[PDB]
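Visitor: In the authors' numbering, the protein residues as written are 265 to 317. I have a structure I would like to understand better, so I am pasting it below and will then ask my questions one at a time.
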RNA sequence: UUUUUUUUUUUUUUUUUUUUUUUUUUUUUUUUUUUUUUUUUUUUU
């Protein structure tokens with residue numbers, strides 16, 4: 265019920281439209297996931313994931 | 001012609017000092033040369 269897959273939604277602008285002030289979708293709030301994700305990606309020859317914090 | 005220690009004397013003989021010391025240790029603290037507001041490819045459509 266968060267319209268995150270919907271074509272033209274407000275969701276992508278939750279921060280700047282001031283709908284939210286603490287994003288659930290952020291990587292700060294998703295630290296473990298962000299890691300494991302980028303790590304696997306890197307082993308799989310990603311260049312994007314190379315410089316991920 | 002020599003002489004054949006780039007040896008030498010008079011004792012001597014730590015580029016040893018004793019006065020006590022002896023972390024080029026002080027800490028009252030307090031110790032990521034971390035820090036928060038999201039964020040977190042020196043990503044772009």
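By construction, the Cβ of each residue, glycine as well, lies at the ideal position given by its N, Cα and C atoms.
Whose CA, out of 301, 289, 299, lies closest to the CA of residue 279?
Guide: Residue 289 is the option with its Cα nearest to residue 279.
Visitor: Compare the beta carbon distance of residue 293 and residue 287 with 8 Å and say whether it is the shorter of the two.
Guide: Their beta carbons are under 8 Å apart, which means residue 293 touches residue 287 by this criterion.
Visitor: Return the first residue and the last residue of the alpha helix (DSSP H) that residue 295 is part of.
Guide: 295-307 is the span of the alpha helix (DSSP H), which, as asked, contains residue 295.
Visitor: May I ask you to report which of helix, strand or coil DSSP gives residue 312?
Guide: Coil at residue 312, not helix or strand.
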